[PDB]
file work.cif (mmCIF, N, CA and C atoms)
data_model
loop_
_atom_site.label_atom_id
_atom_site.label_comp_id
_atom_site.auth_asym_id
_atom_site.auth_seq_id
_atom_site.Cartn_x
_atom_site.Cartn_y
_atom_site.Cartn_z
N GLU A 87 1.58 16.24 -5.54
CA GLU A 87 0.28 15.78 -5.04
C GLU A 87 -0.43 14.92 -6.08
N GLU A 88 -0.36 15.14 -7.39
CA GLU A 88 -0.94 14.26 -8.41
C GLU A 88 -0.28 12.88 -8.45
N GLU A 89 1.00 12.71 -8.20
CA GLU A 89 1.88 11.53 -8.27
C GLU A 89 1.75 10.61 -7.05
N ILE A 90 2.00 11.20 -5.89
CA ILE A 90 1.85 10.58 -4.57
C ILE A 90 0.37 10.32 -4.32
N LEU A 91 -0.56 11.25 -4.48
CA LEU A 91 -1.98 10.95 -4.31
C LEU A 91 -2.45 9.89 -5.30
N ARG A 92 -2.00 9.90 -6.55
CA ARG A 92 -2.35 8.88 -7.55
C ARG A 92 -2.05 7.49 -7.00
N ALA A 93 -0.81 7.18 -6.64
CA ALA A 93 -0.50 5.86 -6.09
C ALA A 93 -1.03 5.55 -4.70
N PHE A 94 -0.74 6.29 -3.63
CA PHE A 94 -1.31 5.94 -2.33
C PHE A 94 -2.81 6.14 -2.23
N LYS A 95 -3.34 7.29 -2.62
CA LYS A 95 -4.78 7.53 -2.53
C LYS A 95 -5.55 6.59 -3.46
N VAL A 96 -5.04 6.00 -4.54
CA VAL A 96 -5.77 4.92 -5.21
C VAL A 96 -5.66 3.66 -4.35
N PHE A 97 -4.50 3.30 -3.83
CA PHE A 97 -4.30 2.11 -2.99
C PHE A 97 -5.07 2.04 -1.67
N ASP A 98 -5.37 3.12 -0.97
CA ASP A 98 -6.13 3.17 0.28
C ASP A 98 -7.47 2.44 0.17
N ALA A 99 -7.49 1.25 0.74
CA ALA A 99 -8.63 0.33 0.72
C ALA A 99 -9.88 0.77 1.46
N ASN A 100 -9.77 1.09 2.74
CA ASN A 100 -10.89 1.55 3.56
C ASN A 100 -11.41 2.95 3.23
N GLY A 101 -10.66 3.86 2.64
CA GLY A 101 -11.09 5.24 2.42
C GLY A 101 -10.94 6.21 3.59
N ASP A 102 -10.39 5.82 4.73
CA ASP A 102 -10.06 6.71 5.84
C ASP A 102 -8.64 7.28 5.80
N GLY A 103 -7.74 6.71 5.02
CA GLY A 103 -6.34 7.09 4.87
C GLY A 103 -5.30 6.10 5.40
N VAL A 104 -5.62 4.83 5.58
CA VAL A 104 -4.66 3.82 6.05
C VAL A 104 -4.84 2.53 5.26
N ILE A 105 -3.68 1.93 5.03
CA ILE A 105 -3.48 0.67 4.31
C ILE A 105 -2.86 -0.33 5.29
N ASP A 106 -3.37 -1.55 5.35
CA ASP A 106 -2.80 -2.65 6.13
C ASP A 106 -2.31 -3.77 5.21
N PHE A 107 -1.60 -4.78 5.69
CA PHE A 107 -1.11 -5.86 4.84
C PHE A 107 -2.19 -6.78 4.28
N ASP A 108 -3.09 -7.30 5.09
CA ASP A 108 -4.19 -8.15 4.62
C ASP A 108 -5.15 -7.42 3.68
N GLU A 109 -5.47 -6.15 3.87
CA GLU A 109 -6.28 -5.37 2.93
C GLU A 109 -5.54 -5.03 1.63
N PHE A 110 -4.22 -4.99 1.62
CA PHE A 110 -3.35 -4.90 0.45
C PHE A 110 -3.54 -6.21 -0.32
N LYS A 111 -3.49 -7.37 0.31
CA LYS A 111 -3.83 -8.67 -0.27
C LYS A 111 -5.23 -8.68 -0.89
N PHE A 112 -6.22 -8.03 -0.30
CA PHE A 112 -7.56 -7.87 -0.88
C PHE A 112 -7.54 -7.03 -2.15
N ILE A 113 -7.01 -5.82 -2.13
CA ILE A 113 -6.96 -4.92 -3.29
C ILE A 113 -5.96 -5.25 -4.40
N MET A 114 -5.06 -6.19 -4.17
CA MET A 114 -4.01 -6.66 -5.08
C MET A 114 -4.27 -6.91 -6.56
N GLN A 115 -5.50 -7.32 -6.85
CA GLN A 115 -5.98 -7.64 -8.20
C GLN A 115 -7.46 -7.48 -8.53
N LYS A 116 -8.19 -7.61 -7.44
CA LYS A 116 -9.61 -7.90 -7.34
C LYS A 116 -10.52 -7.21 -6.33
N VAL A 117 -11.76 -7.66 -6.42
CA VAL A 117 -12.87 -7.33 -5.53
C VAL A 117 -13.67 -8.63 -5.52
N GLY A 118 -13.31 -9.60 -4.68
CA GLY A 118 -13.97 -10.90 -4.61
C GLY A 118 -13.01 -12.07 -4.38
N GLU A 119 -12.76 -12.85 -5.42
CA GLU A 119 -11.90 -14.04 -5.38
C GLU A 119 -10.39 -13.78 -5.35
N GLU A 120 -9.59 -14.76 -4.96
CA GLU A 120 -8.14 -14.64 -4.85
C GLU A 120 -7.36 -15.08 -6.09
N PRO A 121 -6.49 -14.30 -6.71
CA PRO A 121 -5.81 -14.68 -7.95
C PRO A 121 -4.33 -14.32 -7.85
N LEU A 122 -3.66 -15.03 -6.96
CA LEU A 122 -2.38 -14.56 -6.44
C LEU A 122 -1.02 -15.26 -6.52
N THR A 123 -0.07 -14.39 -6.24
CA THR A 123 1.35 -14.67 -6.06
C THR A 123 1.66 -13.78 -4.87
N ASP A 124 2.12 -14.43 -3.82
CA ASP A 124 2.51 -13.78 -2.56
C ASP A 124 3.72 -12.86 -2.62
N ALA A 125 4.72 -13.23 -3.40
CA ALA A 125 5.94 -12.45 -3.60
C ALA A 125 5.71 -11.01 -4.03
N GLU A 126 4.83 -10.72 -4.98
CA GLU A 126 4.52 -9.35 -5.38
C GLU A 126 3.93 -8.48 -4.26
N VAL A 127 2.92 -9.00 -3.58
CA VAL A 127 2.23 -8.33 -2.48
C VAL A 127 3.09 -8.17 -1.23
N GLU A 128 3.87 -9.17 -0.86
CA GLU A 128 4.81 -9.14 0.26
C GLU A 128 5.95 -8.15 0.02
N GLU A 129 6.61 -8.17 -1.13
CA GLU A 129 7.64 -7.20 -1.50
C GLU A 129 7.13 -5.76 -1.49
N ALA A 130 6.01 -5.47 -2.13
CA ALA A 130 5.41 -4.13 -2.12
C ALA A 130 5.07 -3.59 -0.74
N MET A 131 4.40 -4.33 0.14
CA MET A 131 4.14 -3.83 1.49
C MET A 131 5.39 -3.76 2.36
N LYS A 132 6.40 -4.62 2.24
CA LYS A 132 7.67 -4.44 2.95
C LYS A 132 8.34 -3.13 2.54
N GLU A 133 8.43 -2.80 1.26
CA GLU A 133 8.96 -1.52 0.80
C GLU A 133 8.19 -0.31 1.31
N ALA A 134 6.87 -0.38 1.41
CA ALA A 134 6.04 0.72 1.90
C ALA A 134 5.85 0.92 3.40
N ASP A 135 6.02 -0.04 4.30
CA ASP A 135 5.90 0.19 5.74
C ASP A 135 7.24 0.61 6.33
N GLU A 136 7.28 1.82 6.86
CA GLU A 136 8.45 2.38 7.55
C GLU A 136 8.64 1.95 9.00
N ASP A 137 7.61 1.62 9.76
CA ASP A 137 7.71 1.31 11.19
C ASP A 137 7.81 -0.15 11.63
N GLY A 138 7.54 -1.13 10.80
CA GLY A 138 7.49 -2.54 11.20
C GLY A 138 6.19 -2.99 11.86
N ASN A 139 5.17 -2.15 11.95
CA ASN A 139 3.84 -2.48 12.48
C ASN A 139 2.91 -3.17 11.49
N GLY A 140 2.99 -2.91 10.20
CA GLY A 140 2.07 -3.48 9.22
C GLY A 140 0.90 -2.59 8.81
N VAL A 141 1.02 -1.28 8.97
CA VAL A 141 0.02 -0.27 8.61
C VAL A 141 0.79 0.92 8.08
N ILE A 142 0.11 1.63 7.19
CA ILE A 142 0.66 2.78 6.48
C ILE A 142 -0.36 3.89 6.29
N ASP A 143 0.05 5.09 6.62
CA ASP A 143 -0.66 6.34 6.34
C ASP A 143 0.10 6.99 5.19
N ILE A 144 -0.48 7.96 4.50
CA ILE A 144 0.18 8.62 3.37
C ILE A 144 1.53 9.23 3.76
N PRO A 145 1.80 9.95 4.84
CA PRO A 145 3.13 10.47 5.19
C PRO A 145 4.32 9.52 5.13
N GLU A 146 4.17 8.25 5.50
CA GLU A 146 5.21 7.23 5.37
C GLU A 146 5.58 7.00 3.91
N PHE A 147 4.64 6.59 3.07
CA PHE A 147 4.80 6.40 1.62
C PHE A 147 5.51 7.55 0.93
N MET A 148 5.04 8.77 1.14
CA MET A 148 5.69 9.95 0.56
C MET A 148 7.10 10.18 1.08
N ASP A 149 7.46 9.90 2.32
CA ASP A 149 8.86 9.99 2.76
C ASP A 149 9.73 8.93 2.08
N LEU A 150 9.33 7.67 2.00
CA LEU A 150 10.13 6.66 1.30
C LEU A 150 10.27 6.90 -0.20
N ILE A 151 9.37 7.57 -0.90
CA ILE A 151 9.53 7.92 -2.32
C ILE A 151 10.23 9.27 -2.45
N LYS A 152 9.67 10.33 -1.89
CA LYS A 152 10.14 11.71 -1.99
C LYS A 152 11.34 12.18 -1.16
N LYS A 153 11.99 11.46 -0.26
CA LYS A 153 13.15 11.94 0.49
C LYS A 153 14.19 12.79 -0.25
N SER A 154 14.51 12.47 -1.49
CA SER A 154 15.40 13.25 -2.35
C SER A 154 14.83 14.56 -2.90
#
call {"tool": "encode", "arguments": {"input": "work.cif", "output": "structure tokens"}}
result
Amino acid sequence: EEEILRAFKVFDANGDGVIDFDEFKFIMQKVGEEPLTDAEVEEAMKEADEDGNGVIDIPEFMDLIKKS
């Protein structure tokens, strides 16, 4: 819970428990202006979405890391 909550619960942009692709682009570096490389943000959200919809709740993230 310290490991998985550390990474996903810090990443959760809205504070309700879900992350989307465009809000991942928002939280990527900043709070305001854009300072980017698309490859980092695109690779990270492709690795984290299990369903192909473009949204993530904590249960998805923890299954793709913790399965073993």
call {"tool": "select_by_dssp", "arguments": {"input": "work.cif", "residues": "chain A", "states": "strand (DSSP E)", "output": "PyMOL selection string"}}
result
chain A and resi 104-106+141-143
call {"tool": "write_last_selection", "arguments": {"input": "work.cif", "atoms": "N, CA and C atoms", "output": "PDB file, in the frame of the given file"}}
result
ATOM      1  N   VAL A 104      -5.620   4.830   5.580  1.00  0.00           N
ATOM      2  CA  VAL A 104      -4.660   3.820   6.050  1.00  0.00           C
ATOM      3  C   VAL A 104      -4.840   2.530   5.260  1.00  0.00           C
ATOM      4  N   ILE A 105      -3.680   1.930   5.030  1.00  0.00           N
ATOM      5  CA  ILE A 105      -3.480   0.670   4.310  1.00  0.00           C
ATOM      6  C   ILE A 105      -2.860  -0.330   5.290  1.00  0.00           C
ATOM      7  N   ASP A 106      -3.370  -1.550   5.350  1.00  0.00           N
ATOM      8  CA  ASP A 106      -2.800  -2.650   6.130  1.00  0.00           C
ATOM      9  C   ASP A 106      -2.310  -3.770   5.210  1.00  0.00           C
ATOM     10  N   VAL A 141       1.020  -1.280   8.970  1.00  0.00           N
ATOM     11  CA  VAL A 141       0.020  -0.270   8.610  1.00  0.00           C
ATOM     12  C   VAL A 141       0.790   0.920   8.080  1.00  0.00           C
ATOM     13  N   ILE A 142       0.110   1.630   7.190  1.00  0.00           N
ATOM     14  CA  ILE A 142       0.660   2.780   6.480  1.00  0.00           C
ATOM     15  C   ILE A 142      -0.360   3.890   6.290  1.00  0.00           C
ATOM     16  N   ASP A 143       0.050   5.090   6.620  1.00  0.00           N
ATOM     17  CA  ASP A 143      -0.660   6.340   6.340  1.00  0.00           C
ATOM     18  C   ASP A 143       0.100   6.990   5.190  1.00  0.00           C
TER      19      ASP A 143
END
call {"tool": "closest_residue", "arguments": {"input": "work.cif", "among": "A:144, A:127, A:114, A:134", "to": "residue 87 of chain A", "atoms": "only C-alpha atoms"}}
result
A:144
call {"tool": "axis_aligned_box", "arguments": {"input": "work.cif", "around": "segment 126-133 of chain A", "padding_each_side": "4 Å", "output": "lines of an AutoDock Vina configuration file"}}
result
center_x = 5.6
center_y = -5.5
center_z = -1.2
size_x = 14.7
size_y = 18.4
size_z = 16.3
call {"tool": "residues_around", "arguments": {"input": "work.cif", "residues": "residue 146 of chain A", "least_positions_apart": "6", "cutoff": "8 Å", "atoms": "all atoms listed in the file", "output": "JSON, numbers by chain"}}
result
{"A": [134, 135, 136, 137, 152]}
call {"tool": "residues_around", "arguments": {"input": "work.cif", "residues": "residue 91 of chain A", "least_positions_apart": "2", "cutoff": "12 Å", "atoms": "only C-alpha atoms", "output": "ChimeraX atom specification"}}
result
/A:87-89,93-98,103,143-145,147-148
